[PDB]
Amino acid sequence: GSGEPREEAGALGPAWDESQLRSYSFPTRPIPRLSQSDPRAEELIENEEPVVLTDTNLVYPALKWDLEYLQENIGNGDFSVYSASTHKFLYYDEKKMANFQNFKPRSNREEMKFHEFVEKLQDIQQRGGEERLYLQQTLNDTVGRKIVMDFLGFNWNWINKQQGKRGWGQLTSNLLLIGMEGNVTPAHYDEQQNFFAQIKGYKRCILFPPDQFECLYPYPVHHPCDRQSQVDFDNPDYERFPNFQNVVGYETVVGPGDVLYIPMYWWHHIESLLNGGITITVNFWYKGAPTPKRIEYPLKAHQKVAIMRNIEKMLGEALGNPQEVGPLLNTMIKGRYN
């Protein structure tokens, strides 16, 4: 999967061991770890394939970040902090909750100050509780001068050259992620290009190419969990999701200084290693390049994914009610295309 664990400099031991990885039913192949100066890494990014770049220095000034330094300097703004009773955080589109009245939400959001999230995490650790927290906040203007200086110290030269070379849209946001050990963001896909810059701790990243759509069974587009896989990776229901027995992933473990390119529409399952301490990540999201004027066949897998999304959307509007999308689609194919 992730290969034999890397050895940290200065003979400080292995960065992790296989007992910090969760157990799943599918095989994986390693994502390549390359230098940013390696043309193989440019070839991968251009072909919209994942790659771990080891030496971008993208967030070099942020490698000194921890909770004390952040609490001291990140400012007095509000931070979105997500809770969870188990290791799996259950995200959902709150705007789409109206369409599914029989939807029980289980990972609630709560805005708080940074110093509150820090002492709330210290609250849990000593009381021995099993509640998990996950801070996920877009970096804004309300951060202190020191964080602004660190932010200005990012390798904007390298990443801006990446944005122009690939024809991507401009940077949409930076997401700061601080998570507890063992936290799991379940498999889902995003519609923007992602540079996943690891800062503190180690995160296991399992990626699935867009052509695995058939094996990962995303929720209906109108469901609050749109773009998330319905499959419970810890207890896969092979009767509902038989092609999950065919899924093959791409796996890597990113540590401080690593930058993982997650191509747009690629599924990713992200977990903070067991017993590995808190994790810190900053993401760089770019809107993908505009679709070519004339079409090249055969279509890319992510184009077919977008086609399916648009059919579901347009059908929900045409029928007036997203709940009728399913029965019409079954009416369309039953005994005609299946």
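Start at 1 with the first residue shown and count on from there. If you superpose the two forms and keep the largest set of C-alpha atoms that fall within 1.5 Å, you have the rigid core.
Between 235 to 243 and 91 to 99, the larger root mean square Cα shift in 9 other deposited structures of this protein, once each structure is superposed on the rigid core, falls on 91 to 99. In terms of root mean square C-alpha deviation after superposing on the rigid core in 9 other deposited structures of this protein, the stretch standing farther out between 217 to 225 and 104 to 112 is 104 to 112.
Set 19 to 27 against 5 to 13 and average the Cα temperature factors; 5 to 13 ends up higher. When the two stretches 166 to 174 and 107 to 115 are set side by side, the higher mean Cα temperature factor goes to 107 to 115. Per the deposited coordinates, the residue with the largest Cα temperature factor out of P218, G144, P256, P242 is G144. Ranking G129, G179, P263, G201 by the C-alpha B-factor listed in the PDB entry places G129 at the top. When all modelled residues of the chain are sorted by CA temperature factor, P210 is found within the lowest third. Residue-level temperature factors show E296 in the highest third of its chain, judged at the C-alpha atom. Ranked within its chain, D237 lands in the middle third, by CA B factor from the PDB record. Sorting the modelled residues of the chain by their CA temperature factor places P50 in the lowest third. The entry lists a Cα temperature factor for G153 that places it in the middle third of the chain's modelled residues.
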